[PDB]
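Chains as they are written, first to last, in the authors' numbering: chain A, 248 to 296; chain B, 741 to 789; chain C, 839 to 887. Beta carbons: idealized from backbone N, C-alpha and C, even for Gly. The structure appears right after this line, and notes come after that.
See below:
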């Protein structure tokens, strides 16, 4: 989008745009988020439905 | 073995085999429906369960 | 002084996404019957039955 900004304002907004904290989320990331020893415990059945 | 499957609750193998149409034999005391309809057999209903 | 050339920028971002917080809400977690729960050595936790 076009914007009008003072160079300092542009610096701040460009930093915000270029350094966002959101990462792509997929089922592999969620699966690895589970503790590794609970994923290996046969007493717990974990599924991605 | 259906008993082992029910005891462990891990359905990964049976799910993968059913989704991949891999011939298998599910072994265990099972109730069954008796169907005398020829049209049902032609409709291939036994494969839908 | 305000300069249009020095203030006009193009701000770039993503069109849309959804941010999620509770990753473990995406995991369907079940447990075996406690009678059948086993320990690290693959034997039942309580064997006196």
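With a cutoff of 8 angstroms on beta-carbon distance, residue 290 of chain A and residue 876 of chain C are scored as near each other. Under the DSSP definition of a beta bridge, residue 848 of chain C partners with A/249. The beta carbon of residue 257 of chain A sits closer than 8 angstroms to those of 250, all from its chain and outside the five residues before and after it, given in chain order. Taking 9 angstroms as the upper bound on Cβ-Cβ separation, chain B lies near residues 868, 869, 870, 871, 874 of the stretch 851–876 of chain C. Under the DSSP definition of a beta bridge, residue 868 of chain C partners with A/292. The C-beta distance from residue 845 of chain C to residue 253 of chain A rounds to 7 angstroms, short enough to meet the 8 angstroms contact threshold. Assigned with DSSP and collapsed to three states, residue 269 of chain A falls in coil, not helix or strand.
Not a single C-beta of chain A is nearer than 8 angstroms to the C-beta of residue 775 of chain B.
Contact annotation: the stretch 272–279 of chain A does not touch the stretch 745–765 of chain B, with fewer than three C-beta pairs closer than 8 angstroms.
280, 281, 289, 290, 291, 292, 293, 294: these are the residues of the stretch 280–294 of chain A whose beta carbon lies less than 8 angstroms from some beta carbon of chain C, given in chain order. For residue 754 of chain B, the enclosing alpha helix (DSSP H) begins and ends at 752–759. Residues are counted here when their Cβ sits less than 7 angstroms from a Cβ of chain C; for the stretch 264–275 of chain A these are 264, 269, 272, given in chain order.
Chain C has a Cβ within less than 8 angstroms of the Cβ of residue 251 of chain A.
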